[PDB]
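Student: Below is a structure I'd like to ask you about.
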Amino acid sequence: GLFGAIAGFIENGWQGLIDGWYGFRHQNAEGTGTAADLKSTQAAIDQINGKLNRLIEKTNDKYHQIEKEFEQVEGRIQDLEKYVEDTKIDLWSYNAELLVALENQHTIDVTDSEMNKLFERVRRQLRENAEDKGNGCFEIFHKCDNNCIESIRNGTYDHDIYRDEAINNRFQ
Amino acid sequence: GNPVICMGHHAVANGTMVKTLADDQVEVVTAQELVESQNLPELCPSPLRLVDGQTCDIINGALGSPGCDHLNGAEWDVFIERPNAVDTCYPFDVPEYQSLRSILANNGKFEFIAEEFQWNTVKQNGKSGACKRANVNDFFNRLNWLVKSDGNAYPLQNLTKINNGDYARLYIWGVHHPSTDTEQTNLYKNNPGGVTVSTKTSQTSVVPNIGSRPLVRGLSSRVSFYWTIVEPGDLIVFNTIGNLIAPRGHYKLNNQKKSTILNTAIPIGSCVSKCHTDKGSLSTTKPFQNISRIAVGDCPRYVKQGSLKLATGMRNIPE
Ligand SMILES: *[C@@H]1O[C@H](CO)[C@@H](O)[C@H](O)[C@H]1NC(C)=O
Ligand SMILES: *[C@@H]1O[C@H](CO)[C@@H](O)[C@H](O)[C@H]1NC(C)=O
């Protein structure tokens with residue numbers, strides 16, 4: 001993708017994460033955990049389902065048209081009829097081919113984008129209390145219990161509470 | 001200071017391959033097929049009105065051939081026409097066959113209107129040995145064979161009917177073609193014969209041809225069928241110095257013609273589907289189909305490809 005997160009600085013996905021498209025995996029003094037991020041997950045699902053709805057249902061309600069099969073050739077008039085249909089099919093085949101290719105290219109970019117938005121959101125939360133390890137992981141430079149981790153995931157983390165402890169660990 | 005928090009994304013063991021602009025084989029977590037490549041082995045009678053012609057093609061149904069009586073009064077969204085339809089009458093050719101067939105199918109209904117034509121000295125209701133409905137020599141029940149007086153005399157005949165109705169009328173009339181010069185003089189009188197059907201705007205006339213033709217039906221003669229549309233405010237004149245297969249009436253024409261015909265051998269079933277192909281109905285929400293270019297109703301668009309997968313998930317990178 002364009003943002004280089006999925007199949008990028010995140011080396012792979014998590015088969016364990018089964019209740020979301022994106023989430024957090026942590027480790028602290030008391031253990032480890034994986035939890036889904038709903039906002040990012042929902043942001044991607046909504047965008048993809050939007051594509052699905054624009055697609056499924058447009059109006060091709062056709063009744064009386066033209067003959068498309070022939071026993072024997074008749075010449076001029078039959079040639080035109082066949083040529084007309086053959087031209088139609090190639091143009092619609094082309095449209096279907098390009099559409100899927102475009103939609104798919106975009107969908108992959110959107111999902112890569114949503115991964116990166118999540119990473120960036122969390123990066124901004126942590127301020128000077130954490131350092132980017134380079135693999136979609138932050139080293140947190142202060143003791144951070146389960147309530148602390150949950151405060152990061154639910155967006156209530158207050159960096160000022162830990163900043164003194166964090167600055168001192170980072171730089172000395 | 002060493003707690004760690006990692007941001008990530010889901011993955012499955014095995015995903016689906018999709019195409020993009022730059023890569024025709026990318027693995028994504030979920031995908032949705034956009035090309036319907038499965039059809040039903042029957043045709044759905046709902047919610048579209050399908051009329052099964054069975055043994056009659058739509059031309060024979062309009063003519064009133066033996067065994068086409070069920071098609072009388074019938075209204076259809078789609079007329080289903082069987083490939084094993086069989087000719088069951090004194091037989092024929094329609095010069096502009098496809099155009100007549102198209103007009104009848106598009107019109108959508110078989111609503112026949114009776115009207116009686118005062119033919120002069122000339123007989124009526126001539127029948128045949130190649131057109132026998134239940135055991136007994138007959139003819140197209142919408143047509144009327146005129147034959148010779150007893151005292152051999154067929155005057156020039158002209159009648160006229162005037163359309164003051166609020167709809168356009170479709171008259172279907174024929175012209176008989178004898179094998180010999182004797183057959184004509186037998187049947188009756190003149191040599192040559194001839195028919196001239198006029199409207200205000202037009203005038204169509206035929207002189208019968210007389211020759212050795214192959215043996216279909218078991219006779220060497222044939223009928224040539226024609227049609228004339230009479231708008232509200234127009235008239236139709238029949239002139240005959242001989243050989244007219246005269247009409248018993250006119251068909252009613254819908255102002256808006258929204259119907260059509262589908263030629264297939266697929267049986268009609270129980271399902272509900274607004275989309276019918278010659279291979280059977282389609283029951284799908286997919287935008288495209290590779291089943292048949294012959295498609296009628298509310299249908300996906302026909303395309304050449306057998307599969308087009310739309311990614312509904314991110315790239316799949318497991319472990
Ligand atoms: C018969 O033809 C004459 C002219 O030959 C015409 O004036 C008359 O209106 C016609 N009548 C009918 C009933 O067609
Ligand atoms: C439609 O595609 C399927 C596979 O998706 C293929 O098996 C089938 O032969 C195709 N039909 C035609 C008429 O090409």
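Residue numbering restarts at 1 for every chain of the structure tokens, chains are lettered A, B, ... in their displayed order, and ligands are numbered from 1 as they appear.
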Which residues form the shell of 7 Å around ligand 1 when you count only C-alpha atoms and all ligand atoms, given as a list in words?
Tutor: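 If we count only C-alpha atoms and all ligand atoms, the neighbours of ligand 1 turn out to be residues 158, 159, 160 and 237 of chain B.
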Student: For the residues selected in the previous step, produce a file with C-alpha atoms as a PDB file, in the first residue's frame.
Tutor:
ATOM      1  CA  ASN B 158     -63.665  -4.358 -52.025  1.00  0.00           C
ATOM      2  CA  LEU B 159     -64.743  -3.953 -48.478  1.00  0.00           C
ATOM      3  CA  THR B 160     -63.438  -1.421 -46.056  1.00  0.00           C
ATOM      4  CA  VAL B 237     -59.143  -1.657 -48.126  1.00  0.00           C
TER       5      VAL B 237
END
Student: With ligand 2 as the partner and 9 Å as the cut-off, tabulate the residues of chain B that qualify, each row holding the nearest pair of atoms and their distance in Å to one decimal, using only C-alpha atoms and all ligand atoms, sorted by chain and rising number, as CSV.
Tutor:
residue,atom,partner,partner_atom_place_in_ligand_line,distance
B:35,CA,ligand 2,5 (O),7.3
B:36,CA,ligand 2,5 (O),7.6
B:37,CA,ligand 2,1 (C),4.8
B:38,CA,ligand 2,1 (C),7.8
B:289,CA,ligand 2,1 (C),7.8
B:290,CA,ligand 2,1 (C),4.9
B:291,CA,ligand 2,13 (C),4.9
B:292,CA,ligand 2,13 (C),6.5
B:304,CA,ligand 2,14 (O),7.0
B:305,CA,ligand 2,2 (O),6.7
B:306,CA,ligand 2,2 (O),3.2
B:307,CA,ligand 2,5 (O),4.9
B:308,CA,ligand 2,5 (O),8.6
Student: For chain B, report every residue with an atom at most 8 Å from chain A (counting only C-alpha atoms), formatted as a PyMOL selection string.
Tutor: chain B and resi 1-13+18-21+106+258-261+285-288+293-294+296-305+308-319
Student: Could you please determine the separation between atom CA of residue 235 of chain B and atom CA of residue 195 of chain B in Å, to one decimal place?
Tutor: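 Interatomic distance, atom CA of residue 235 of chain B to atom CA of residue 195 of chain B: 16.5 Å.
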Student: Which parts of chain A does DSSP call alpha helix (DSSP H) when run on the backbone here, written out as a ChimeraX atom specification?
Tutor: /A:38-55,76-126,146-153,159-171
Student: Take the residues from that selection and put them in a file with C-alpha atoms, as a short mmCIF file (atom, residue, chain, number, x, y, z; two decimals), in the first residue's frame.
Tutor:
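This is the output file out.cif:
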data_model
loop_
_atom_site.label_atom_id
_atom_site.label_comp_id
_atom_site.auth_asym_id
_atom_site.auth_seq_id
_atom_site.Cartn_x
_atom_site.Cartn_y
_atom_site.Cartn_z
CA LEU A 38 -13.16 -0.69 17.11
CA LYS A 39 -12.85 2.80 15.62
CA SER A 40 -10.20 1.83 13.06
CA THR A 41 -11.94 -1.47 12.34
CA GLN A 42 -15.26 0.29 11.79
CA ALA A 43 -13.64 3.00 9.65
CA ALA A 44 -12.38 0.37 7.20
CA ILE A 45 -15.51 -1.78 7.17
CA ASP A 46 -17.74 1.22 6.50
CA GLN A 47 -15.58 2.32 3.58
CA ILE A 48 -15.51 -1.16 2.03
CA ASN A 49 -19.24 -1.78 2.51
CA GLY A 50 -19.79 1.58 0.83
CA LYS A 51 -18.05 0.27 -2.29
CA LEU A 52 -20.17 -2.86 -2.12
CA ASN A 53 -23.42 -0.91 -2.10
CA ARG A 54 -22.47 1.46 -4.92
CA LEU A 55 -21.80 -1.73 -6.88
CA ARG A 76 -25.15 -7.11 -44.21
CA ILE A 77 -27.96 -6.82 -41.66
CA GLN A 78 -26.89 -9.85 -39.62
CA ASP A 79 -23.29 -8.60 -39.56
CA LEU A 80 -24.36 -5.29 -38.08
CA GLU A 81 -26.48 -7.00 -35.38
CA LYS A 82 -23.58 -9.29 -34.41
CA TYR A 83 -21.04 -6.45 -34.49
CA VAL A 84 -23.26 -4.27 -32.30
CA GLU A 85 -23.56 -6.95 -29.61
CA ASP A 86 -19.89 -7.92 -29.77
CA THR A 87 -18.91 -4.27 -29.35
CA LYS A 88 -21.24 -3.89 -26.36
CA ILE A 89 -19.79 -6.96 -24.61
CA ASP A 90 -16.16 -5.84 -25.04
CA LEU A 91 -16.89 -2.40 -23.62
CA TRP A 92 -18.78 -3.83 -20.65
CA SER A 93 -16.11 -6.47 -20.11
CA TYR A 94 -13.52 -3.70 -20.09
CA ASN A 95 -15.56 -1.71 -17.55
CA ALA A 96 -15.86 -4.69 -15.21
CA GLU A 97 -12.12 -5.37 -15.51
CA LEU A 98 -11.04 -1.81 -14.79
CA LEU A 99 -13.64 -1.35 -12.03
CA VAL A 100 -12.47 -4.33 -9.99
CA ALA A 101 -8.82 -3.33 -10.49
CA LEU A 102 -9.51 0.27 -9.38
CA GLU A 103 -11.69 -0.67 -6.43
CA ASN A 104 -9.14 -3.27 -5.27
CA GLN A 105 -6.19 -0.90 -5.58
CA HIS A 106 -8.12 1.63 -3.54
CA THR A 107 -9.34 -0.87 -0.94
CA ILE A 108 -5.81 -1.99 -0.21
CA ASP A 109 -4.71 1.65 0.15
CA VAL A 110 -7.65 2.43 2.45
CA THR A 111 -6.87 -0.48 4.78
CA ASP A 112 -3.16 0.35 4.82
CA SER A 113 -4.20 3.94 5.55
CA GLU A 114 -6.44 2.96 8.47
CA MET A 115 -3.62 0.93 10.00
CA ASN A 116 -1.36 3.97 9.78
CA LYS A 117 -3.98 6.32 11.25
CA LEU A 118 -4.26 4.02 14.26
CA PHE A 119 -0.48 3.91 14.77
CA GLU A 120 -0.26 7.70 14.41
CA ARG A 121 -3.16 8.29 16.82
CA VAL A 122 -1.42 6.22 19.50
CA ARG A 123 1.92 7.89 18.74
CA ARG A 124 0.35 11.27 19.42
CA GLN A 125 -1.18 10.03 22.71
CA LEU A 126 2.18 8.97 24.13
CA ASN A 146 -3.26 -2.85 32.83
CA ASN A 147 -5.27 0.27 33.65
CA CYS A 148 -2.48 2.28 32.06
CA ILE A 149 -2.57 0.13 28.92
CA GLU A 150 -6.37 0.33 28.78
CA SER A 151 -6.14 4.12 29.17
CA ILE A 152 -3.98 4.16 26.03
CA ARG A 153 -6.44 1.96 24.08
CA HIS A 159 0.96 11.81 29.36
CA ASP A 160 1.64 14.40 32.07
CA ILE A 161 1.20 11.76 34.81
CA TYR A 162 4.20 9.77 33.55
CA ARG A 163 6.29 12.39 31.75
CA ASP A 164 8.84 12.94 34.56
CA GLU A 165 9.40 9.19 34.93
CA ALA A 166 9.55 8.75 31.16
CA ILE A 167 11.90 11.63 30.30
CA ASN A 168 14.33 10.43 32.95
CA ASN A 169 14.39 6.86 31.63
CA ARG A 170 14.77 7.95 28.00
CA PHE A 171 17.66 10.36 28.47
#
Student: I'd like to know which of B:79, B:140, B:238, B:225 is closest to residue 117 of chain B, using only C-alpha atoms.
Tutor: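 The answer is B:238, which sits nearest to residue 117 of chain B.
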Student: Which residues in segment 74-168 of chain B does DSSP call strand (DSSP E or B)? List them as a ChimeraX atom specification.
Tutor: /B:75,78-81,92-93,109,112-114,126,128-133,136-138,143-145,157-162,168
